[PDB]
Structure formats: structure tokens, C-alpha cells
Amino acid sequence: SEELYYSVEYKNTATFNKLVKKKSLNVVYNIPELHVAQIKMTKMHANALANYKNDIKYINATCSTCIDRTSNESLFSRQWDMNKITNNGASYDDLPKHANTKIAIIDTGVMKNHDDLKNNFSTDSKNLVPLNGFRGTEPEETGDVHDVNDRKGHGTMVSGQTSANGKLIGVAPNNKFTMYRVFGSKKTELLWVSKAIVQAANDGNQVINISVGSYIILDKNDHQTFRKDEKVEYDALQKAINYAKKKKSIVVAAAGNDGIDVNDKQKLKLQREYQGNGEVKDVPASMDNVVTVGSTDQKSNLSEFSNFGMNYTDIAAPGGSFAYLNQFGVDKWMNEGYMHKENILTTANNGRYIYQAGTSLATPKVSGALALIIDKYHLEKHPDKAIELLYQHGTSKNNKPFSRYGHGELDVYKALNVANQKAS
């Protein structure tokens, strides 16, 4: 009588709804635009449902795969990472006069009342966490659409990198950001992330920042309706990304934080302790139509924790390092200044600040930059032109190889001054 969570890919809204009523299916999540739903049912009903060939494409069990720069109040001079990409703050004098692009952030939520974020916070922000949250195990989650308060703290850190405009300064200090909450206090579902991408794209956010990664199992050798891999989620996520592209939104994704060359299939399978036959992928970072951002340290070298590889990394931005911590131990690291040199200062969920590191802190820098580029050159109708400008004129050309840095480390000063070429 065991009832489990199944991910289902269906063929048609009208026939699916009709089938739901006929078999009284308990649909606990649904994304009409992608033809995917999550249904809670017995293994016996899951198997019978897989036999409705006119309506059901795939079914699999859902799994656990996842501007003041100089006043005495300014912390801008401590933001080494922000200084590095802006020519020490000079790029803030070249910002577009009107900052109309909306940056969507899909993450844990945000402290909307943080002093550095409140002016840029958009009330169009939405909660995608359903009533009762992860697998119905968090009754405090009411499914309230406007509740985007951050419980974990990560989303607040990310938002600061794109939009802080107070003591701390983000990459795009005059642009509004929209938070799409996909975490309660527990885990997230890739289906919630997919719905958040669709929502962001429908809300007109032309830049969508995804700091969440996950290693997903998919098996292209199996074509059965009822599957053992995570096919439905994979499809939902790639379809969400392509949906965003059709709506003229760019999706920016963080590379993973496991320091692995994603071309080494063996090392990837090891992330899910998987022995099938059988492939593991880092998603959405390795998916089609995503800008994949790797992380660099304070010396512009690739962070030791950053994933990388050919046909993966598109660009890199400062995300920090723990080299000093590993070399000198905790005591010397926090008390002799090293933490401050190799970690990223960002906005914290306590209304103050915190030092962190990771690709999730590099990615918002790139998202912010794309928002600036779209507004500066008026590329709203052709957002791919923003990506090409970023790649060809918005990075440093001192970083190599491509398999590690992609087109290079982000340089916002260069990206904003393409019309102001200087003869050398």
C-alpha cells in the first residue's frame, strides 16, 4: 500500500487532465508548459499509468539528485572580487542611464529587507515551494506564492552579488532582481527549479541565474515508458531552459563545486555512487543553451573546487578559494587575514555580511553583467547578441586554457566600453 512520488511526462494538457479525473490521480506538482507533473501513487498504479500510451510519455520515481564606492560606510574596497572585474570601481561610471533588465534568481529565497537589497527587490518575486514542501515533510510550507523569505541564507548571498547597492555593491546596482524560491528548509526538487525557470521567463526576466547544480542519472539505452533513471527531471529541466530561450531569456548556470573535469565519465558516476550503464551529468551546467560559469580565485586562477572541461565552461568569474585555509589551518586563516583575501564578501541573511566561496558566487556576477550589456547596447530583442558581446569583448584574454576558463575571466569594464575603443 506504499505510496511514492513519481515524476511523469505527459503528452497533452487536455487528455492528461481528463486522465487525472478518471483515475483520481493525486497530482502534487504540475508544469503545464513542459507537460510534466509529479504524482503521488502506489507502485501498482504507477505501472498501470505507464500503459496509457496515448497520454503518458515517461514515468520514473522522483529521486534525490541535488553608487557609493568611497565613503567611510562603504565596504566596496574590501570586495576584491568586485574590484577585479570593474577596474577598481571605474566601470560603475559607465553604467547605462536606464536599468530596465530584470534579473531572476532561482535560489533559497532572499532577505528582502536587507538594507543593501531592499531597493532592488521586486515584489514580483515568487515562491515555487509547494504546500508541505519537500515530499510533504515540512508542514510549515504553506505554498504561499509571495513568501520568498530565505530560510537557508544562500539566496541572500547570491542576490548581493548581482544587486547590492548600499555598503556592499553588486555587479548591477541599479537593476531590479526577482527571487524565485525553490527551497524550504530541506531539499529542492528539480521539477520546482524547472517551474521557476518557466515562471521567470513568463515574468519577463531576461537573465535567469541558477546557482543550483545536481548530478543526474539518465540512460539513453532504455526507451521504456516506466524508467529507472531520472529522465523526466532531465527533460523537464532542459525543456524549461529551451522555453526560457524561446521567451528571449538567457539562462546562466553555475559549474559544479567538486573540482572535476566533466569529460571524465568515471569521476562523474562517482558523485552518485552509480554502477549502472548508465550516465551521470552535471545539470543544468552541461545542458544546451546555458551560459556555464566557472569560478576563479583572487589571483585569477581557477578555483580548486570549480568543475571545468572542454565543451562545458563558457566563462569564469571570481568565486574564491580555500587554498589558504588548507595551507595554514583555521586559526591562522581567520586571524591573520587570509580568509578576507580568498573569500567573497557578500550580503548575509542576518542583515549584515558574510565571507563565502563557490561557483554560486561567480555566476551572479556574469548574470549581472549580461543585464548591464542588454541595457547598455539595447539588445532586449536579441539577447544572444549579449552573450556574444560578453564572450568576445567582456572577458580578459589572459586566462587559458579554454577547457578551464572558457572565453576568460569576466571584465565588466571592458563589456561596458566597446564603443570606447582606445588605440594602443
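In this text, residue numbers run from 1 along the sequence as written.
Per the record, residue 66 and residue 67 are separated by a gap of 4 to 9 residues from the deposited sequence that were not modelled. Set 359-367 against 41-49 and average the Cα temperature factors; 41-49 ends up higher. The mean C-alpha temperature factor is higher for 224-232 when 224-232 and 245-253 are set side by side. Which of 154, 267, 352, 239 has the largest Cα B-factor in the deposited entry comes down to 267. Of the candidates 150, 297, 141, 314, the deposited coordinates give 141 the top C-alpha B factor. In this PDB entry, the Cα temperature factor of residue 107 sits in the bottom third of its chain's modelled residues, the lowest group. Annotation for residue 279: CA B-factor lies in the highest third of the chain's modelled residues. When the CA B factors of the chain's modelled residues are split into thirds, the value for residue 203 lands in the middle one. Compared with the other modelled residues of the chain, the Cα B-factor recorded for residue 71 ranks in the highest third.
Ranked by C-alpha B-factor against the other modelled residues of its chain, residue 213 falls in the highest third.
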